[PDB]
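Structure provided below as structure tokens; questions to follow.
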Amino acid sequence: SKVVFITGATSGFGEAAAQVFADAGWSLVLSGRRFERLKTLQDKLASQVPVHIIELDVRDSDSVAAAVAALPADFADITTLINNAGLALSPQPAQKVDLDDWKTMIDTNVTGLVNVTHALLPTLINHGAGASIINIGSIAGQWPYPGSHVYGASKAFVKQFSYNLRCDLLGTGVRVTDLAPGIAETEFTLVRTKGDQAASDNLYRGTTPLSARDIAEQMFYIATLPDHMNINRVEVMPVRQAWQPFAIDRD
Amino acid sequence: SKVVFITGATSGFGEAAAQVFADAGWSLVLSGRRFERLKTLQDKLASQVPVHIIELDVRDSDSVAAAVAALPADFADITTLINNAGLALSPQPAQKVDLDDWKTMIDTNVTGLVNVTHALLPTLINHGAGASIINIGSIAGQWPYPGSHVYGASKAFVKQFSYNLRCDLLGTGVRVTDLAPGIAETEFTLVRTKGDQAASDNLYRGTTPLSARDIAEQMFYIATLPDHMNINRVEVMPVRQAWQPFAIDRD
Amino acid sequence: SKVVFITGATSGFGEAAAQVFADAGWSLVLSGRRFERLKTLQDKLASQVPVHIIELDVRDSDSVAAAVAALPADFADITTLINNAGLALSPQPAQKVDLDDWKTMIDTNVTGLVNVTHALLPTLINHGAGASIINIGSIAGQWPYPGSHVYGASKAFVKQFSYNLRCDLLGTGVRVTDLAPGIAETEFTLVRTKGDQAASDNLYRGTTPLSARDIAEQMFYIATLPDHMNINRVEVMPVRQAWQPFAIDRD
Amino acid sequence: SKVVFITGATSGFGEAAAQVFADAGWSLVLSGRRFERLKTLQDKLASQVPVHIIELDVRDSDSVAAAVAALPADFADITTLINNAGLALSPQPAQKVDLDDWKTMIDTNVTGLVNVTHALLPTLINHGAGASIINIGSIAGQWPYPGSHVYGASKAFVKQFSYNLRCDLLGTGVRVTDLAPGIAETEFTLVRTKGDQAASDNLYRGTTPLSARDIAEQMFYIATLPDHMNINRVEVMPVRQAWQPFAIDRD
């Protein structure tokens, strides 16, 4: 009778997390916008565990509020909320980015994460011991780099929102954790280049990035943590990723 | 000449910054939503320096773009942009905040700050050498505390967005700085308590907070920095403000 | 075979980690200054797994270099180095601290930590895939608080020292992790009060702090991580610990 | 009068800071190990302001204590303490650095800085309003990069040690500030490369780094700050210096 609420379960980390929690007997609540991928994932996982799918755009707060209020009884009691739904766009410098791409990232990684958190806060508090809010931040939320502009800032929002939630949830038993992954081969770079599969292959070629299951098993590790423990933040990078020297402009 | 673009100049830091730059001969272009106090500030400063006022709400991207397009010739060439427009709401714990208060802060401190930057990015690059983007962050953008929930997260967005802007504007000479002040006695706390001056008066009592003009003299220092220097972030607190021990839940 | 090098294994995290790694078949190399506790620990764990004890003061670099050079063949191949040996002193304000207490923390938490890394760096690089350097930092290495002065600064050193090591160890496969725990009931506060067990009971009374086995299981989780992954930093606090409001000096 | 205690005044920031403080009538106390540079600065500056020189190695606490106790009456009342004495060594990767170079960095930037503060803390507290402890950090104290190993970690120590000092000195009016500069042509790389002038010219070539007087003029700005304000940290970079993308090991 353990239920996990996974946003953005149609691909990447969310899709892998649905399978990792299913192998552990957890009931699943999978959301996203590609409904025909949720139906495909439901039919593959309804055998193992009970599955509840939702066609949900996290940028619409009224839809998320309705989706949480309309949860059936076999799902309403959420133990773990995984705020995974997110995206990056326009990897070019900030002076060459369209403002609608900046708005799409803010609406999903900031407002979308705050929309889902607000809707599930009473549910997670009414659970209590063992409850976890797993916010998926990024290494970009701490380390600046060219082409990150609003994506990294949105993930720094996610980091501080996680710490601030802990200050206000003291005594409720609810845990808030920022899982901040490094470079990982999912649909992330494909969405970030608006469909340039060659770019998403030249980036990961010749290196060992994180797999989608690497982050999913980290989500499960955080969710099954003992009730008295709380991870403030985990920054997970592939060991083949680090930091370069400072950029110095030269004549 | 030298022109400053000040958002949210109707009160607090913004109105005090208008007087600090006027005393140095800088031309002013001040924005905000309460036009009737902007007109009062214009007539007080039109003697010292030429002033152009704009009724602008930073949450409207189309209005911000039009406001920049309608800039007079003696004003369009902005040297320093001060992204001062911001607000906090609901000092209660996060589990007791209405979602409209969270949306208002994201729409103003996050979306509003990127709206002004996007519209003026071509303008600031065509200036160069001495151009500066002064983003008004906060200690809340780095340090968590109870009741900050989305405010601190929004100011952490501003911190990382400033660093990321520096990565993309390398070689243009344009400077980006996060001015992160501590507690200061302005109209700020009145907005955060929805009009309770008594709550805004129990604060600042018996202590020496920062003044509104004090941050202005610090904003002017950043704008007048030599062209080859760039301050990534300066966190200025009143010397009577610091950090408490960790919160420990007991029985 | 897999061998772990644990500094400060006589109590707390190191002693608990020795039992957790013994339960997984890992060969142990336990160091410390209390030799009569290392001898008792060898008999408790030599049954399950081969154990090698070393009387070592990490502040003596020549003693550390000789101790690693004198490793037997069934131990020389170190997979995981856990730099756990550390201590805090003088919880009073900095202006009332004796400098020898400041020096002991620097000699142990800073110099002692780089001494062990310097002595074992060639061994870990000659290991390669799966090797880990687990530096035991603290929440004090990121968040300032009263009574933390050189202790928190020493743990901020280890945080950045871990990040900097990763930049230089790219391509060697060895992983560096800052495990930064929160408040935990060990001999830690006993050493910080120079033996006041009453003070170490008034601190932990009425709350649920971290156990030594909680952090010990975190070391094992990090050490057994898949070879391609690397945890930059994990800050684990007891869920009953968070951040207080800002300190404001008042009349 | 007003007296400044400057460590590491034989070159770079310390030597340049001596002239800027002399231009304001402040009495000077300059330390360092190269006496023939201290005597030359005294003969050049004894005209403007009274100067007291000390051949002091900050690594010997007893000498630091003796130098502070033996201050003449026209010097003992120090207003601003600038912990500037510091150094980096071995720019090669950490696995190819001799431990004696690591100890020199820890002894000077960590142990040496706490030695000077411990000896001068009672005097600065007995000064009261306007006293400042200006710790010279670095961008290396926050941002990791290859070749920084112990230098960046030591500057992370000073960053957190600055924050922690404010928690213990709350209400005394004495200010603690982390001045974290970027790349600067300050004879730093010459000492840092063990005398390689060719390497110290290719680093600053074709770019505009910070000057010793640029940072010196920043030290004076912090020292002349109003007594009620405190700069927690100011990170000053050349606008032609920023952050590069993440390092990815390939092939």
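A, B, C and D label the chains in the order they appear, each numbered from 1.
What we mean here is this: contacts are C-beta pairs under 8 Å (C-beta built on N, C-alpha and C of every residue); 3 or more make two chains touch, one makes a residue touch a chain.
Across A-D and A-B, it is A-B that has more C-beta pairs touching.
The pair from A-B, B-D or A-C that reproduces the interface of C-D, where over half of the contact pairs by residue number are the same, turns out to be A-B. Centre-to-centre separation between chain A and chain B, using Cα means, comes to 30 Å. Averaged C-alpha coordinates put the centre of chain A at 42 Å from the centre of chain D.
Under the contact definition stated at the top, the residues of chain C that touch 2 or more other chains are 139, 144-147, 163, 166-167, 170-171, 240-243, 247, 249.
Listing the residues of chain B that touch chain A in their complex gives 61, 93-95, 97, 99, 102-103, 106, 110-111, 114-115, 118, 121-122, 125, 140-142, 144-150, 152-161, 163-172, 247, 249. Contact residues on chain B toward chain D in their complex (touch as defined above): 139, 163, 166-167, 170-171, 173-175, 208, 210, 214, 221, 226-243.
Those residues of chain A lying in contact with chain D across their complex are 139, 143-147, 182-183, 205-207, 240-251.
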